[PDB]
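Enquirer: Here goes the first bit of my complex:
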Amino acid sequence: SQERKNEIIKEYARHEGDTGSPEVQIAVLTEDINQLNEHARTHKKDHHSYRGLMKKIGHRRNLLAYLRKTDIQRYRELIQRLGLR
Amino acid sequence: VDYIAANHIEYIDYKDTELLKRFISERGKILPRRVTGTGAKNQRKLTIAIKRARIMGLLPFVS
Amino acid sequence: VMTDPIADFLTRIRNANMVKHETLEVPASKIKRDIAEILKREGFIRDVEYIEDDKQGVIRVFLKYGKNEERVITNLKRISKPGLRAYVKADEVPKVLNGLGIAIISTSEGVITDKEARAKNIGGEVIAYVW
Amino acid sequence: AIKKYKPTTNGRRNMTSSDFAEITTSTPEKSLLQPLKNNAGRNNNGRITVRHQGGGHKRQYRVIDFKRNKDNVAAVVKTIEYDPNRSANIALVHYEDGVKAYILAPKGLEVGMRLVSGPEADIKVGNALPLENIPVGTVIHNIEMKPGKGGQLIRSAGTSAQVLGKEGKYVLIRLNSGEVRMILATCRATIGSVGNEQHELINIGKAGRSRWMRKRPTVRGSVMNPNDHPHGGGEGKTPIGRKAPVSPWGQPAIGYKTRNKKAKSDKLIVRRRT
Amino acid sequence: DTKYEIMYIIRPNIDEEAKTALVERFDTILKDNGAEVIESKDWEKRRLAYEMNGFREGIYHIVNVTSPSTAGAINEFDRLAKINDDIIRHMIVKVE
């Protein structure tokens, strides 16, 4: 949902208007991943959507790797906030 | 000429039997867009509307 | 993605020369400027110019064609590649067509031709061959 | 679901059972429990009238309200419970007025569902209606043959019947066996199908389990003596050695129909099967 | 929320009082299942392009409604309309 996306972006924005950034994108992707996980558990035969889920997971992993390479402190803070591993 | 564009209507109601009649032949078959002069988008919309009308009995399936 | 902008520049020049285009344009870089000026002063290309934009700048090359529209540049070859870098010691500096061509080389003295490199008695990385 | 035991012992090998996940409690209602003795297939004469029965585990009868004739108030499904007396599970439901009862557990039943009975009841799982009020195509169970007698047809685990149409004072029903027949329109039935759909897939695994389930060993006639069974006797293994296989009392076994040929219900049975 | 149009055909033989009661009942179902009925109106008594459940005429009635997609108003309307005898046929389509 666009409203949920916007509220998440406001929550995780590094600064005013910070639509694009590791934190914002990773948080939005994590929420999308959770929702799509629920959708998949409902529809285990939705392989086509599951492929998009895997693409989202990969993109989020790449962003997390970039964030860790850039500022490890921000990486740790972000994973603590989002409850990731 | 594309009649739908000519009349300048972007919405195609499946209830408008008047409109849908000019896009089907006797026997109720759907006319090709190459024959009716209409474009691809309007052709698809007309197909959907005519099918829904057939289901609701506003247009005949055969004859 | 583009991994060898130098090779890309060489290929752009090669294709433009092949179709006998009057000019070509490329995204700018220091190494590209060095190569362009080397060609300019070696007479392989008629002229060079630069445009300042907000990305990296643009480098425009005016090709040189002789009488009867004969192509001055016969061809270009990328020697040192990202997959396999090529380095030559001072003695190993190559001669292109017994000197009728040139070999553009990057050295601690800068980017220079093979003639200059062996005159100075230094090696380097063989960027390209031109002839 | 069905859980398959690891082959720790040959007895346990290939055995499966039900996890009883759908079961919510193991405390039967004392008020609705009634005593039952194991007749072991013996009649008042004391003669074994039905073979292969006896022994096994003691059971208590749970009074099931097959009639579902309390239309006044709804009943809240309180528990889904195991019933030793029937393949399907039962459900303890409390009536708003304080009457507690058991019903057969339809597939999809959930604790807390508010079930209703009567002509005005909605067409939902667990509700009970006279057949005349059930729309065609509906899936039902617990169908009563005679009004007020209580459900008799479609009561085993996983069974279901389908309403096909109305005619006169009768409703056309396809029973679980595939037989299509007319049933009096005033008869009631429960919407849905009998739960515990997995019961059929259980692999018993060992003889002792059948003994627990009260089945005594069945002896093939071919290994008895001539005075014991028509198939008895003969040297070594022998074929049937007769015009047709027969029961111990001479009744043919394969293909011979036994339904009374002048049964009254034939008038109501539209299409037979089995 | 999302807007649906529900067009359904009432059997032609229905009495006027029965038709009114039926319309009110179904609109009430829609309202009670968390959907806002922005309009409901009898469209037309028309002849069917072919026989439906033995009828060749029918009363097309149109209900414009809105609701959240998750809301079960549309599902409940579909279920009860299929069960009902008065409604020969019905169709619910998303609109703009």
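Expert: On my side now, so go ahead. Numbers count the residues shown, from 1 in each chain, chains lettered A, B, ... in the order given.

Enquirer: Remind me which helix or strand the residue nearest in space to the middle of chain C belongs to.
Expert: Centroid-nearest residue in chain C: residue C:35, 4.1 Å away (criterion: C-alpha atoms, centre = their mean). Per DSSP states H and E, residue C:35 falls inside helix C:30-42.

Enquirer: For the stretch 1-150 of chain D, which residues are neighbours of chain E?
Expert: Proximity of the stretch 1-150 of chain D to chain E (C-beta under 8 Å from any C-beta of the partner chain) is limited to residues D:123, D:135. Bear in mind the C-beta positions are built from the backbone N, C-alpha and C, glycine included.

Enquirer: can you tell me the residue of the stretch 1-150 of chain D closest to chain B?
Expert: Nearest to chain B in the stretch 1-150 of chain D, going by C-beta to the nearest C-beta, is residue D:137, at a distance of 19.5 Å.

Enquirer: check contacts around that residue.
Expert: Shown in contact with residue D:137 (C-beta atoms under 8 Å, 6 or more residues apart in numbering or on different chains): D:162, D:163, D:164.

Enquirer: Surely it is within a helix?
Expert: No - using DSSP: H, G, I helix; E, B strand; the rest coil, the secondary structure at residue D:137 is coil, not a helix.

Enquirer: What about residue E:10, how many residues nearby?
Expert: Residue E:10 sits with 23 neighbouring residues when counted by other C-beta atoms under 10 Å in any protein chain shown.

Enquirer: just residue A:43 next, same as before
Expert: 11.

Enquirer: any idea which residue sits dead centre in the chain?
Expert: This is for chain A. Note: chain A centre (C-alpha atoms, centre = their mean) maps to residue A:29, 2.4 Å.

Enquirer: Let me rephrase: I mean chain D.
Expert: Among the residues of chain D, the one closest to the centroid is residue D:156, at 3.0 Å (C-alpha atoms, centre = their mean).

Enquirer: tell me the SS of that one?
Expert: Counting by three-state DSSP, the backbone at residue D:156 sits in coil.

Enquirer: Report the beta-bridge partners for the closest residue to residue D:175 other than its chain neighbours.
Expert: The shortest distance from residue D:175 to any non-neighbouring residue, by C-beta to C-beta, 6 or more residues apart in numbering or on different chains, is to residue D:161 (5.0 Å). Beta-bridge partners for residue D:161, by DSSP bridges, are residue D:140.

Enquirer: so how far is residue D:263 from residue D:161?
Expert: Look at residue D:161 and residue D:263: by C-beta to C-beta, to the nearest Å, they are 20 Å apart.

Enquirer: which one of those two has more residues nearby?
Expert: For residue D:161 versus residue D:263, the count of surrounding residues by other C-beta under 10 Å is larger for residue D:161: 24 against 10.

Enquirer: As RNA strand F, please add this:
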RNA sequence: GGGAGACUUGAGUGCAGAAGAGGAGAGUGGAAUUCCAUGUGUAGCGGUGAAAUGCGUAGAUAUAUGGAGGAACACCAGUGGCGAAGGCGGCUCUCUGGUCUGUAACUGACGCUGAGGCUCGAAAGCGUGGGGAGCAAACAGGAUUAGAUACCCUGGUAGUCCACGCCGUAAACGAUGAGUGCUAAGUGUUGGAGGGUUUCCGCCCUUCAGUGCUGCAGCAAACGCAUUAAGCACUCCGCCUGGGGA
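Expert: Let me put RNA strand F in with the others:
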């Protein structure tokens, strides 16, 4: 190459839009076949190159009215669309993936490829449980033939359908890995965007991303490819080293 910085073109996010048989779930609509039932009705119907088997006086075929049930979705329909591929075509609603076009607010190289791994993967096939109209391996009968374990005809089981789980193979083909940049044009078509007219429609220009055909340079053994390269270049992966044996 390493470290400390800066930048926005690549990449992604934001904002505004477009189309779509993309996927899954649950329903639903008509044609038609078959069968069941009942009328009318009388001698064939069916089928082949010709025949016969077969069905039919126990009344068939046909025809009319109904009922049941399964499967696939005529017209639309189009080198049209979508998907990574396999593949996806009645209609409806729920969930859901991706793509593309604008804008330039945001991050500031975060990218490409990717052994080993994991996932999906036509048809057939396997297991459990359902379903089963038509079709149809096997099989049966009738023809043909020297023979006919076939082609042809009459029937017909598995299977074909569904749910779950295995199988992981196809001329799984564009017989052409992915990414990126450059190199004449001409002309269709799909979805956009902008402008110049046009009362709107529409017509003209430009442009983006697909899909086709024709055709320069170049390449090719030739066939042919040619901005959707099989041309000019760079990165990574897979794969080849005479035929058979295999």
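
Enquirer: quick recheck of the contacts of residue D:137 now RNA strand F is there?
Expert: Counted by C-beta under 8 Å, 6+ apart, residue D:137 has contacts D:162, D:163, D:164.

Enquirer: So the first one sits against residue D:138, correct?
Expert: I take that to be residue D:162. Yes - Residue D:162 lies in contact with residue D:138 (C-beta atoms under 8 Å); the separation is 7.3 Å.

Enquirer: beta partners for the residue lying closest to residue C:128 once chain neighbours are set aside?
Expert: Nearest residue to residue C:128 in three dimensions, chain neighbours excluded: residue C:104, at 4.7 Å (C-beta to C-beta, 6+ apart). The bridge-partner assignment for residue C:104, based on DSSP bridges, gives residue C:113, residue C:128.

Enquirer: Then residue D:165?
Expert: residue D:172.

Enquirer: sorry, back to before: is the helix or strand containing the residue nearest to the centre of chain A positioned near RNA strand F?
Expert: Applying DSSP H and E as the criterion places residue A:29 in helix A:22-42. Yes - counting by C-beta under 7 Å from any atom of the strand, RNA strand F has neighbours in helix A:22-42: A:22, A:24, A:25, A:28, A:32, A:35, A:36, A:39, A:42.

Enquirer: how many other residues sit next to the first one?
Expert: It stands for residue A:22. Each residue near residue A:22 was counted by other C-beta under 10 Å, and the total is 21.

Enquirer: From chain B, how far off is it?
Expert: For residue A:22, the distance to chain B equals 41 Å [C-beta to the nearest C-beta, to the nearest Å].

Enquirer: try the last one
Expert: Computed as C-beta to the nearest C-beta, the residue A:42 to chain B distance reads 28 Å.

Enquirer: hmm, back to that, burial check on the residue nearest to the residue nearest to the centre of chain C when sequence neighbours are not counted, number of neighbours?
Expert: Nearest residue to residue C:35, sequence neighbours excluded (C-beta to C-beta, 6+ apart): residue C:104, at 5.8 Å. By other C-beta under 10 Å, the residues close to residue C:104 number 27.

Enquirer: wait, doesn't residue C:104 sit right on residue C:130?
Expert: Yes - the pair residue C:104 / residue C:130 is scored as a contact, 6.6 Å apart, by C-beta under 8 Å.

Enquirer: Excluding chain neighbours, what is closest to residue 66?
Expert: Let's take chain A. residue A:22 (6.3 Å).

Enquirer: Not quite, go with chain D.
Expert: Closest residue in space to residue D:66, ignoring its immediate chain neighbours: residue D:150 at 3.7 Å, by C-beta to C-beta, 6+ apart.

Enquirer: Now do the contacts for that neighbour.
Expert: Contact partners of residue D:150, counting by C-beta under 8 Å, 6+ apart, are D:65, D:66, D:67, D:68, D:144.

Enquirer: now do residue D:141
Expert: Going by C-beta under 8 Å, 6+ apart, residue D:141 touches D:104, D:106, D:151, D:154-155, D:159-161, D:189-190, D:192-194.
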